[PDB]
Each structure stands twice: as C-alpha cells, then as structure tokens.
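**Q** this one is an experimental structure. Sequence first:
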Amino acid sequence: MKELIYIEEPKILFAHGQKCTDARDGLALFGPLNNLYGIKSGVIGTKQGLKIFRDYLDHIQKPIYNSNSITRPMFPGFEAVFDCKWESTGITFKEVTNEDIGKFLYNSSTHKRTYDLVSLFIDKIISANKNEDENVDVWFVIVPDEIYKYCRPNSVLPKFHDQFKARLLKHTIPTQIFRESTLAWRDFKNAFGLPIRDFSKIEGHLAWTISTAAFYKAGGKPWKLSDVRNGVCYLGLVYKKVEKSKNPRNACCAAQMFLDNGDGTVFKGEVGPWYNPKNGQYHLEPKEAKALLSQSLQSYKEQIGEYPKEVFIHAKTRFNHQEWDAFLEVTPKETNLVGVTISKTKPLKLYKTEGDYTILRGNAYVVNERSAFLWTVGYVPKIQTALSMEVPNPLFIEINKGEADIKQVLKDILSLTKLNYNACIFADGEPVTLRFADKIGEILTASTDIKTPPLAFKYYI
Amino acid sequence: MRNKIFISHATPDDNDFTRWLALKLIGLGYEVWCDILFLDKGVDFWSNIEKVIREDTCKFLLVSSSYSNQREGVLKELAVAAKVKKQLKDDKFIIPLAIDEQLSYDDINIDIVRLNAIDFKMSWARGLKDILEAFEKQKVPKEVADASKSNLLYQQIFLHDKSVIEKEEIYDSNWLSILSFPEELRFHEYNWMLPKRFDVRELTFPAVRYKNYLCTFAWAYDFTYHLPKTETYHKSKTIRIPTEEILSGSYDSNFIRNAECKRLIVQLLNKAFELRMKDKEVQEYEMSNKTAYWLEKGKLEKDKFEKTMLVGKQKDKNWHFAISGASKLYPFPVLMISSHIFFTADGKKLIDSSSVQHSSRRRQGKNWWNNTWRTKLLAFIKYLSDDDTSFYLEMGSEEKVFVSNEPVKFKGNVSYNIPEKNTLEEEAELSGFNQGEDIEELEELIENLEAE
C-alpha cells in the first residue's frame, strides 16, 4: 500500500495575453497570438486538384457541423476566429499539367519517384517568391491521391512525407502538405454505408487540423506556454539508424525551447553534430560534444543575451559520463546541467474500482529523487473520453545526472507535452520534443549534408 | 439601460455555434441572456423569455435553419418580437442568421420589414463585420472589449462543471506484494564443482552463475538429479549473507556489491516464475523476448472462470487471454505483471505470421474497455492463486516465498464524477483513425519495434 500525488495542469497563452486550457476553444474564442492579414497561398497540382482545393476552401469558409461538440469542439468558421482573410480567388499558385504529374506514377520505388516529385514541388514554389515580396509566403500543397496508394502501402492495388519537407531548408521556404483524399471526403465514394473513409461523424476536427497547423508556417505564432520560467533551455536529441547505406553512423540532432526578452517562448529547432563512429552505443564522443552545446550557447547569446540557469537535456536512451565530462566544461559555472532520459519500456497499467471511465492525466507516482511515474495518457473531462483505445501506459522520466527537482521536472514534461502545432488536439501521448523526435530524426536523415544554421522550428515537419 | 441584446432560436436542436457567438460578442463588450447557456430548465423558457423581454431588452437575434421551422416556438417568438417592435416603434429589431445550406427560404412572414436580407451561407466573418456596423449605426453603448470575462463565462457554461474534483479512489496496480522473504542467501563456493560449460536454464531450481559463486536459495544438495557429484561438498563453503542487509544497502564489499547483488536476484525470480507456470502445464509462446502466459482449449470449465470469459470465440477465430510476467526489486521486492492477446487458428496450432496476429489484436482491442481487462486479470490471478491468502513460488526443498495474490492497491487523491456520460463515451469513439501518412502511418511499425 503506497501513495501517489497530483500536479496542477499548466496553461497555454492565447491572444490578448490570456491563458486557457482547451486548444480549439481557446483559438475559437480569442485567436492566435499575433495579427497577420495578407496571405496569398499557393497550390501545386492539376485541374482536378485545383477543383478539389477550391471546393474544400469553399467548404471550410462555410460553417462545419460536427456530431457532438461536447466530446470535440466544432469549427466556428476560419476568418471569424483567425482574423486572416482569403477569398475564392486571389490565390497565387503555379500548378502542373496532368501529363507532367502523371508521366511515371506506377513506380514502386519511393526513392526514384520522390526524387522527381520533390523537384517538381519545389521548382514550382521557389520560382514564385522572387516576383513580388511576401506574396506567396504560404502554400497548401496537395500530393496526388495515387501517392496515398503507391507510397505508404508500397505500390499495391487496393482499389514519404518529410522528403518534400527537408531539402527545402536550403531555400528557407515553408510549405503545408495535404491530400485530396483528406479533403475529398465526399468524393471517391460509393453507395455503401461507409464508403472508403466517410468521416461524416467527424468533420470539425478535420477543419482544425488544417487551419492552425497551416497558420503557424505563415510567420505567426498560434499559442505558447504562459508559465515558462525565464532562462531555461531544453535541447532534445534523437538517435536512430540512417537508411542511406550500411554503418548507421548514429545520427543526432537537437530541439530546444527557450524564452525571449518579455513573455514569449521561442519554438525553435537546431541541427548540430553530423555523426559518430561504430554502430550501437546511442551516445556521442566528447570531441563532437563541444559543438553540440556550444551552438546552443551561442544561439542563446545572440537571440537572448543573458546567461541561462537550467538546461534540461532530454533523451530517450540512457546517458553516460563519456559525454557529461565534455558537457560540464562547456556550460558556464552559473548554469546547472541536468540530463533527463524518458523511455517507454515500463509496461505499467493502473485500474480503478469499477467503470469504463479510465485514469486521469496528470497524476504522478513519486518513488525517490531518481525517477518517477507520470500518466500523460488517460481521461480528461473536456474530451469526455480516454485519449487511448485501451488501458493507458505512463512514461518513465529519470534524472541521469544533475539534481534539479522531480516535482519541477514533472511540471516541465506536462507543460512541454501541450505544444503540438501539427495538430490541434487537447493533448498528445508524448512530449513535443519526443512526439516529434521521430519526425526530426527522419527529416534530418533525408538531408544529412549541408550544415543548416540555427533556424527556427517553423521550417521542419 | 437598454443594452441587453437577446437571441432565441432552435437552441436544443442545432446549437453548434450559439455559445461561440455569445462568447465572441461578450468579449466584444455586450450583454445577452439565453435558454441553454446558463443553468436553467426548459420548462419555463418561453415565459422567462417574455419576462426578460418586457423587463429589459434592446435588440434580438434569430437563427434560421431546417430545424427552426417545424416548431411553434419560432413563430410565436417571431410574433412576440413583432408586437414588441410595434409597441416600441423599432424599424430594426431582429436580425435573421441564415445558416441553413439546403434550404434558402421556406416561410414568408411580415418580420422581413424590420430586418434586412443577409446571407450567411458562405462565410461568417462578413456577417460578423456587418452586424458590427449594425451596432455602430445607432451608436450602441458598447462596453469594454475584454476577454477576461469571456473566459470567466467559458468556465461557467461550456463543460468545466465536470472537471477534476477532490475524490478518493482505490487503484490496483500490476505489482504483486511479497510478505514472506528468505532470511539469508546462499553463496556457495563451487569453482571446479560445477563446470561452466553447461547451460543453466534447464535446471529445475533457480540458479544464476556468477564467476564461481552460484547465487541461489536452494540447498547445496538439492541439485542432485541434474548433477550426481554434488554430494561431495563442505557446508562451510556455503557463504551465507542475510538479504535484508542487501535490501537496506548495508552489505557491500569486494566479494559482492549492493548495486550488483540486486540484479542477480531478479533473474532468479523470473526463472522461478516460468517454473511456476510450467507447474500449471500451460502452452508456451515466445513472442519477442517476454513470454505471455495463456490457457489453451479444453483445460477450464466453459472456457472461462468465476464470472468472466477467458477463452472466447470471435467469428471463425479463437481469441485467448495471455499474461506476461516479470520481476523488479528496485522500488520494492515485487513482481511485474502484463497482459497480452493471442489468436489461434484452431486452438492448438499458432500462426507463424504475426501480421494478421496484430491485426486481430487491434480488431479485438478496439471493442474492449477497462473492465474487460481488469476483471480478466483479477480472475486469472485468482485462478493462479493456490490458497485463499497468497500463492507461493518453488525454489528448492524448504524455501517458500509467499507472494500476495491481491494486487498492490493505491489511493488516488483526485478523481472525477460521471453523471450521465458513462455509456455515451464508448459509442462516440468506436470508429478511430485508420488513415495513412496524414494522421498515423507507423502504427504497425511502432507496435513491432521489437525487431531484435
């Protein structure tokens, strides 16, 4: 017989300097943080793709009615809640002919087909930003629906995503990716009860995953955390195998959240080391460890200026002193360095007395000053359902090195979880530095060459 | 004064955005009163509407849709508004919010005189702007535009009456408590006695080899059948150290370490665990590294136990309930228990292809909930329980560690209430997301990350 504890849920900063809990409700009532008005987005596709995009734009201008607003809030129009205006016309786009986009589509190899798909996408994007300034700063690119059947299912006949997102970093040109099948929920159907997908039951959510996610790459910040202390860096890292050739090289990367002068957290992602020798260690040598922390230090200097106080380096694998010995000298004396490892190899499940309603999200089981158990997956009254389809499995957060505070690091994880821009869900199953860990790892392994500067997270995913 | 702008339409039928309109306009600095917003009952809604109209109101809003036609409420409220504007001499009183898509106009009324033809079918921003200069035309005494009171209202109507509340709940975990523990651990000196060139997994009693010291609780003479030459052994060579000092982190030297003695006992408990299951004669299935333990066809009454079904049937496939166990001694000397589901073609033979296996796993799991896991686990534990107090583990000739069958029970200080959405929650989430690269595409890959 033991005891557990609960931690108060953090808040997210919204428009007019106010904080709220719900994401869709918060945006639908106040709006994004900034105020941008002039957007003329573009689309890469064909005549049928153009018609699909125009029809979906008209639909999203129209009100979107869901099944139940209690479990998931609806979409109260786009302009009325975002304060950014498009029209049916007045979109600056450069589409492609049907034959050009369909010269070779039955190719089974993803590498060769994407080497031309990405080239076609970018060549029609980087060629329009030179005519007029800040005219095409946003794109809604839609890949053909045949990609949905010949890329992900690996060329089957039932009747990948970062590759045209990574090599565009050289031009510093963002884009937003969609699909006709994602938009044409009424098309390609039959006289069946549930043709293909038929998400008539869920329609407002599909209108929320398309607006807020595309808004962030318009130079505007939708929302940030309102309770982040000044002077903290995170600097996540990802280790996995690269799929170019043998000798995986154990590629690494970085992703750090930090505050600026005032009350605004920077949502930025940096690329550091290239690689390290041999195959299985999930660790880096001291010689390349100098640059990994030095780049973060210098970036913090030139866009903040003052010394930090606590940097909570996050990781998925176990740490070691082989890198800590190099890292301790790089950091200044006034700054404390703490290494934190979070894994998913602890299959713990809690059950209550009775009921189909499951555990909450936020309670913690403290053990000692080395690790803890935190349930980031469960039930919340706002969604009136369980975030998972089965019994939730909590995380395992441990402080490999440093002192910090368990009750304080747990609050950081909960706050850092609710920083999802690609979706507008109330919460996700992993912290953003780990939720997008795979995304960043795969976007980096697509373009290993060319050292990118300390550029913002706007341009990833 | 007259600054209470009013609205009344088909609220119980279609109210997908009435709350949004109200909150937006109050954030813009206005004042309303509705039927479904505040805590009120729809038994005197029209009487309350008439009472507030005759007391204090300035403008009116109506939303036109397909559901606001077949009811007498809309027409009676329209007639009331007509009478009120006739008495007050108002040529601009009500504003129709034409939101219907399939229907343009159905019933012609004299109410068109005091309103204007506005189309809200396409967009809402244009209509909101238009109603703003509608306010600005007559110089309405608009209040301050602040979202603080808008938020304060947001935690007063939309949900937030069912949020987390202080309530104690008892949570039973997967760990297994142990009450009886061995007094001392036997560190025998074998060296040449046991030659290293033999596997240890086939040994009847638990044993872990460490250089020359065999970390085991069994007697030195217990290992007679597997090794006949164990009779020649001096008792003093069996070095005994109490396990409580190791647990307390007090016994540490060059011979053994506190941080190193803990991990050797873990393998012993796991080995005793598969010994305990093979005592029960169940079927074995190695999935990746950790084995789930399940009971096969024709071994239990009605293919079930207590009051729940374990060996069930789904279409032409036989689904079973599997349990995988482990041991962890770091927080407490306790046992890890996990659950799994495996599928059999005929109840005896297993499919060598795991693709359809995890497909059926997800298919069966998307229709289960907390009870269909917790009750099944509890029944399985009770079936594995030997006595009525706590099942035991076999280690040797006299050693008997008793493990509490009752799971470790906690006390959650925070909980929530389920007034009437106990059944509504399961029906809404039956159809999950099964798309490709747009929402989730490495679901199978994440499931089978156990590639080594």
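**A** Great, that's in hand. Numbering: from 1, shown residues only, chains lettered A, B, ... in the order given.

**Q** give the phi and psi angles for residue B:424, as a check.
**A** Dihedral pair for residue B:424: phi -70, psi -20, per degrees, to the nearest 10.

**Q** what sits closest to it if chain neighbours are left out?
**A** Spatial nearest neighbour of residue B:424, excluding adjacent residues (CB to CB, 6 or more residues apart in numbering or on different chains): residue A:384 at 7.4 Å. All C-beta atoms are positioned from the backbone trio N, CA, C, and that covers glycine.

**Q** cool, residue B:249 as well?
**A** Spatial nearest neighbour of residue B:249, chain neighbours left out: residue B:258 (4.7 Å); criterion: CB to CB, 6+ apart.

**Q** close to chain A: what parts of the stretch 351-452 of chain B are there?
**A** Applying CB under 8 Å from any CB of the partner chain, we find that the stretch 351-452 of chain B lies next to chain A at B:365-366, B:368-371, B:373-374, B:377, B:408-416, B:418, B:421-422, B:424-426, B:428-429, B:431-432, B:435-438, B:441-442.

**Q** can you rerun that using 7 Å?
**A** Selection of the stretch 351-452 of chain B residues close to chain A by CB under 7 Å from any CB of the partner chain yields B:365-366, B:368-371, B:373-374, B:409-414, B:416, B:418, B:421-422, B:425-426, B:428-429, B:431-432, B:436-438, B:441.

**Q** name the element residue B:278 belongs to?
**A** Assigned by DSSP states H and E, residue B:278 belongs to helix B:258-280.

**Q** give me the buried positions along that helix.
**A** Within helix B:258-280, the residues that count as buried by 16 or more other CB atoms under 10 Å in any protein chain shown are B:261-262, B:264-266, B:268-273, B:275-277.

**Q** report all helices and strands that that helix contacts.
**A** If contacts are counted by 3 or more CB pairs under 7 Å, 6 or more residues apart in numbering or on different chains; DSSP states H and E, helix B:258-280 sits against strand B:208-210, strand B:213-216, strand B:317-328, strand B:390-394.

**Q** how far off centre is that helix?
**A** Here the centre of helix B:258-280 is set off from its chain's centre by 31 Å, with CA atoms, centre = their mean, to the nearest Å.

**Q** go on, stretch A:235-251?
**A** Worked out by CA atoms, centre = their mean, stretch A:235-251 lies 20 Å from the chain centre.

**Q** over to stretch B:253-272?
**A** 35 Å.

**Q** downstream neighbour of the lengthiest helix in chain A in the secondary structure list?
**A** As assigned by DSSP state H, the longest helix anywhere in chain A is helix A:286-303. Once the chain leaves helix A:286-303, the next helix or strand it forms, by DSSP H and E, is strand A:310-315.

**Q** what angle separates the helix or strand just after that next one from helix A:286-303?
**A** Remark: after strand A:310-315, the chain's next helix or strand is helix A:321-330, criterion DSSP H and E. With axes from the mean of the first three to the mean of the last three CA atoms, to 10 degrees defining the directions, helix A:321-330 sits at 40 degrees from helix A:286-303.

**Q** hmm, back to that, so the residue nearest to residue B:249 touches residue B:247, yeah?
**A** No. Residue B:258 is not in contact with residue B:247 according to CB atoms under 7 Å; the separation is 9.0 Å.

**Q** for chain B, what's the nearest residue on the stretch 101-250 of chain A?
**A** Ranking the residues of the stretch 101-250 of chain A by distance to chain B (CB to the nearest CB) places residue A:152 first, at 4.4 Å.

**Q** list the buried residues for the helix or strand where residue A:365 lies?
**A** For residue A:365, the host element (DSSP H and E) is strand A:363-366. Of the residues in strand A:363-366, A:363, A:364, A:365, A:366 count as buried by neighbour count, 16+ other CB under 10 Å.

**Q** over to stretch B:202-215?
**A** The neighbour-count check on stretch B:202-215 (16+ other CB under 10 Å) flags B:203, B:205, B:206, B:207, B:208, B:209, B:213, B:214, B:215 as buried.

**Q** restricting to C-alpha, output that stretch in CSV.
**A** C-alpha atoms of stretch B:202-215 as CSV (Å, rounded to 0.1, in the frame of the first residue of the first chain):
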residue,chain,number,x,y,z
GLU,B,202,17.3,-26.4,-17.9
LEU,B,203,18.0,-26.6,-14.1
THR,B,204,14.9,-27.5,-12.0
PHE,B,205,15.6,-25.0,-9.3
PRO,B,206,16.5,-21.3,-9.9
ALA,B,207,20.2,-20.6,-10.3
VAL,B,208,22.3,-17.8,-11.7
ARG,B,209,26.1,-18.3,-12.3
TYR,B,210,28.5,-15.5,-11.3
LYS,B,211,32.2,-16.4,-11.7
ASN,B,212,32.5,-19.1,-9.1
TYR,B,213,29.6,-18.2,-6.7
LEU,B,214,26.2,-19.6,-7.5
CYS,B,215,23.5,-17.1,-6.3
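
**Q** residues contacting the residue nearest to residue B:424?
**A** Shown in contact with residue A:384 (CB atoms under 7 Å, 6 or more residues apart in numbering or on different chains): A:70, A:71, B:421, B:425.

**Q** repeat for residue A:28
**A** Contact partners of residue A:28, counting by CB under 7 Å, 6+ apart, are A:73, A:76, A:81, B:20.

**Q** try 6 Å this time
**A** By CB atoms under 6 Å, 6 or more residues apart in numbering or on different chains, the contact set of residue A:28 is A:76, A:81, B:20.

**Q** those residues into a markdown table, with extra columns for secondary structure, neighbour count and distance to residue A:431?
**A** What follows is the contacts of residue A:28, written out as a markdown table (DSSP: H, G, I helix; E, B strand; the rest coil; neighbours: other CB atoms under 10 Å in any protein chain shown; distance: CB to CB, whole Å):
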| residue | secondary structure | neighbour count | distance to residue A:431 |
| --- | --- | --- | --- |
| A:76 | coil | 24 | 29 |
| A:81 | helix | 22 | 27 |
| B:20 | helix | 23 | 31 |
